[PDB]
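What follows is a set of notes on a single structure, which appears directly below.
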Amino acid sequence: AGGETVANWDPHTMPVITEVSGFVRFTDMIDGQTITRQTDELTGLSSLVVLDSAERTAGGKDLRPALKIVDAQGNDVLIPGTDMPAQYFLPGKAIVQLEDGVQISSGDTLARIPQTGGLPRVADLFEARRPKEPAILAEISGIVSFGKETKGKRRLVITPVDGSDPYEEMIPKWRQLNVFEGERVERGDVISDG
């Protein structure tokens with residue numbers, strides 16, 4: 001009916017959400033290397049925050065902190081259809097409020113990541129100029145993954161299901177990205193908004 005609200009969301013932070021049910025298990029989340037306990041003074045609540053690669057020590061840079069969704073016996077639960085382990089990797093500045101070994105169901109939030117006109121506009125539109133921060137898309141479909149870190153700029157690798165494996169692209173690590181190495185990306189998908 002008219003005036004009914006059908007969707008609501010919090011734009012301040014983007015959540016990272018599990019796809020399967022089970023138990024949350026920490027991985028590579030060592031305090032002092034990849035995560036830290038940050039406490040809010042105005043509220044008193046403390047949370048685990050994932051460290052940035054530059055801020056980490058030598059050992060922490062190679063580590064990949066993440067959360068696994070394992071069954072009762074300790075076996076990793078595969079995502080249905082994909083047949084891929086449901087290990088969700090937490091990037092830098094990610095806030096984790098889920099205790100180790102706690103029971104979880106599919107769909108629960110695992111983590112949180114903080115977040116012209118006139119005549120010149122028409123002139124630039126007809127000149128087909130490129131914006132200052134162009135949006136990033138995927139050239140070819142398939143799975144995606146990370147690559148070399150801080151080699152001038154970060155790298156990304158696209159592996160098609162039945163295509164050219166060695167394809168790669170360069171993405172600077174100084175721009176807030178929204179790529180998902182654990183999720184398949186189509187060629188009609190965005191990487192950095194804008």
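Throughout, read-outs are computed from the coordinates displayed, never taken from laboratory work. Backbone-built Cβ (ideal geometry, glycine too); neighbour counts: all protein chains shown.
Some points to look at:
- Matching residues in the stretch 18-32 - criterion: being assigned to a strand (DSSP E or B) and loosely packed, with under 13 Cβ neighbours inside 10 Å: 31
Yes/no per residue for (1) of a type in the set (A, V, I, L, M); (2) under 24 Å from residue 185 (Cα atoms):
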{"residue": "3", "(1), (2)": "no, no"}
{"residue": "25", "(1), (2)": "no, no"}
{"residue": "32", "(1), (2)": "no, no"}
{"residue": "42", "(1), (2)": "yes, no"}
{"residue": "49", "(1), (2)": "yes, no"}
{"residue": "59", "(1), (2)": "no, no"}
{"residue": "65", "(1), (2)": "no, yes"}
{"residue": "85", "(1), (2)": "no, yes"}
{"residue": "94", "(1), (2)": "yes, yes"}
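- Meets criteria (loosely packed, with under 14 Cβ neighbours inside 10 Å, over 29 Å from residue 161 (Cβ atoms) and of a type in the set (A, V, I, L, M)) for residue 42: yes
- Verdict on residue 171 being touching a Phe, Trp or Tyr at 6+ places or on another chain (Cβ under 7 Å) and of a type outside the set (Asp, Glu): no
- Filtered residues of the stretch 168-194 (kept if in a loop (DSSP other than H, G, I, E, B), within 24 Å of residue 66 (Cα to Cα) and small (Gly, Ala, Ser)): 182
- Residue within the stretch 171-185 that is over 30 Å from residue 54 (Cα atoms) and either surrounded by 10 or more Cβ atoms within 10 Å (Cβ to Cβ) or in contact with a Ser or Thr (Cβ under 9 Å, 6 or more places away or on another chain) (or both) present: no
- Scan of the stretch 2-16 for residues that are at negative phi and exposed (fewer than 12 other Cβ atoms within 10 Å of the Cβ), ordered by number: 2, 4, 5, 6, 7, 8, 9, 10, 11, 12
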